[PDB]
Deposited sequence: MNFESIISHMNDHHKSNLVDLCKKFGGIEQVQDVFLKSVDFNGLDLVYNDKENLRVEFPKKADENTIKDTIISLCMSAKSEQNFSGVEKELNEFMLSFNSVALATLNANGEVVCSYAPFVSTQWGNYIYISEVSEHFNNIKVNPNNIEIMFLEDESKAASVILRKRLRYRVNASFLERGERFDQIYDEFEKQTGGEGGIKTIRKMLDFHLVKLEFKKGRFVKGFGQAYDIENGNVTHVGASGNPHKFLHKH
């Protein structure tokens, strides 16, 4: 079963088993081979290093999980096909998590419906909610998070996420409201009481202005955003601290 890849990995690219020790062990210098694999990860030697898989594989997937485990350990960010992946990610949602602050400096964690359009990014919120006055009062101390669903994530310790600091502006109704909200209805498909809250006057559309961003798509895969300024963290070394000690 596995001995065919154990062979192939050991007779070709231990150069990638080398990048592997340096990132799942932190080992800044050695001079490697593969001794066993299973459906939860690898066992290798530089000297035992146990390297886990983001998600448990099976006979059909195991070949690919290992190449993915290797390409991420590669010390070179790929194309900003991460810019493309970041935006594909944002567009899969029509709701977002919010961090807001009230009149007396207490922080609030809430969520709000969200839509990206030609005219910009909006949320739709009611004055009945705490985060409303937190935004009327502190309109540029907000951060929003697009957080991957737990049931879709590799594990609860690796939910993909996209975070922006934002600047919020209140729109009023009429011309654009109907433009934005009809696009919101387009993306969401319309139903669920979405039509009903459109006609609630205690609800408002708020334009969000994205500032500094942060995207995490996997272990060792955190990126920053500014002004086309995608950026891996990160190259100044593995920031974590292992014992290498039992």
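In this entry, the deposited residues absent from the coordinate set span 1, 33, 49-51.
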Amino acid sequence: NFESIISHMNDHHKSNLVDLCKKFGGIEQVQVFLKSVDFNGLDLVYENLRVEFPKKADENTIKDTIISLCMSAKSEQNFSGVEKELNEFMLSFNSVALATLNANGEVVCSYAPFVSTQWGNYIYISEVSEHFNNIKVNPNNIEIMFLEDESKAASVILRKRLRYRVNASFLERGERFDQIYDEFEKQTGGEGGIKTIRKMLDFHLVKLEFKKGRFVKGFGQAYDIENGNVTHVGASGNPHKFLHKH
From here on, numbers count along this sequence of modelled residues.
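With 142-150 and 97-105 compared on mean CA B-factor from the PDB entry, the stretch scoring higher is 97-105. Mean C-alpha B-factor is higher over 63-71 than over the other stretch, the pair under comparison being 192-200 and 63-71. Listed residues 87, 167, 155, 80 were ranked by CA B-factor as deposited; 80 comes out on top. Considering 183, 52, 209, 47 together, the PDB entry gives 47 the largest C-alpha B factor. Among all modelled residues in its chain, residue 174 ranks in the highest third by Cα B-factor.
Annotation for residue 40: CA B-factor lies in the middle third of the chain's modelled residues. In the deposited entry, the Cα temperature factor of residue 221 sits in the bottom third of values across the chain's modelled residues.
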